[PDB]
Each structure stands twice: as structure tokens, then as C-alpha cells.
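Taking the form deposited in one PDB entry, here's one chain by itself in C-alpha cells.
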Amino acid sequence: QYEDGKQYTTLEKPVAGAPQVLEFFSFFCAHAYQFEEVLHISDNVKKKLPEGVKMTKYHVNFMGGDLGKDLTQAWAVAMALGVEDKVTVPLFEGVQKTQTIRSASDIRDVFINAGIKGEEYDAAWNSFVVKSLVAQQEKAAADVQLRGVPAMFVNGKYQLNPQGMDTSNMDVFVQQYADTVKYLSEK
């Protein structure tokens, strides 16, 4: 059932010092929105994860305009202030549903309506933690030669392959996907 080529695939050159479980997404990809607001794969997968398995998520720049670079940074601020699960939805809601985020300031605003003081935000926005957090997000996508989002990788060696799983029913699909990540999480 679990074969390198079906539920997943391996890297010819596995990245060292990689998050146990690394998800890659982009606010600018409407399919990357389903992944956690309809499929909540980030949740249903966090559920079946082994006690102690960090479910890290990194943002990647879409086109390359200043906005994408700000959202990557704005994302590093969330992982910084550990507010990931507070800004995720409004950011997604903000960028593509209400489509009110068109500047680094609007991003700032979304962070305030979530309970983040516009002061502690700037503090983080201009911090070296965030600078390093930005730096890593870019580094990792580079080390896995990312070719599309959303995408997930394990131990820096395995790349989940959704379209290689049973997709004739959402539960079958998400259950397999979660179980593949748990398994692939042992090797």
C-alpha cells in the first residue's frame, strides 16, 4: 500500500535540518486556500501526528511583487508572535475573499483586528527573528526545489503526493493523506 511513488515520493538530495513536517503554501493561490479552510489538512493531519511532531508551514512568494514579499515577512511575524492560528483566516479572507489587502499596511491592520498591538507588530516586523524567519522560508523552498503549492514535505526527505491517493471521497482522501504523513513520519 505505502510505496515511494504512490502516496509520496522521495528526494534525490534530501535537505538536512528540515522541519519534521513542512507545509508550503501561498496566500496567492486559491487552491492553497482550500488546503486549510475546506480540507483543514493542516488540522486533520496535525491530529494523527505523533505526540511531539511540529506541523510547520512556510509561505512562498507568488509573482514577486512587493506584496508577496511582505506577506512572507508578515507570515514570519506570525510564527514569530506565535499568532499563526489567529491571522491565518483573516489573511486568507483578506487577500482573496474580501480582497482588502493591497499593501503592507492592510496586512498590519488584519494583525490588529486579531488582537496584536500595532506596536508589538512593528516590533516583530523589524526584528532579527523575523529576518531569519523570512530567510529560512525562502531557503527551504529552494532546497526542495519547490515546484508548486500547496505542498508538504517530511523529514526533509519525502514529498506527499495528494494526486497519488484515493480521491473518490473527501474523507477517504484526507484520512489517507493524514496516515501517509504519520507513516512517512517514522522512516
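The first residue of the shown sequence is 1; numbering continues from there.
This next part talks about the form deposited with a small molecule bound, which is not shown.
Practice problem: Would you confirm whether the three residues 49, 175 and 185 all fall within 4.5 Å of the small molecule in the deposited bound form, going by non-hydrogen atoms? | Solution: The answer is no; none of 49, 175 and 185 reaches the small molecule.
Quiz item: Which listed residue (53, 39, 124, 133) meets the criterion of a heavy atom within 4.5 Å of the small molecule in the deposited bound form?
Solution: For this set of options, the contacting one is 39.
Quiz item: Does residue 167 make contact with the small molecule in the deposited bound form, using a 4.5 Å heavy atom cut-off?
Solution: The answer is yes: residue 167 has a heavy atom within 4.5 Å of the small molecule.
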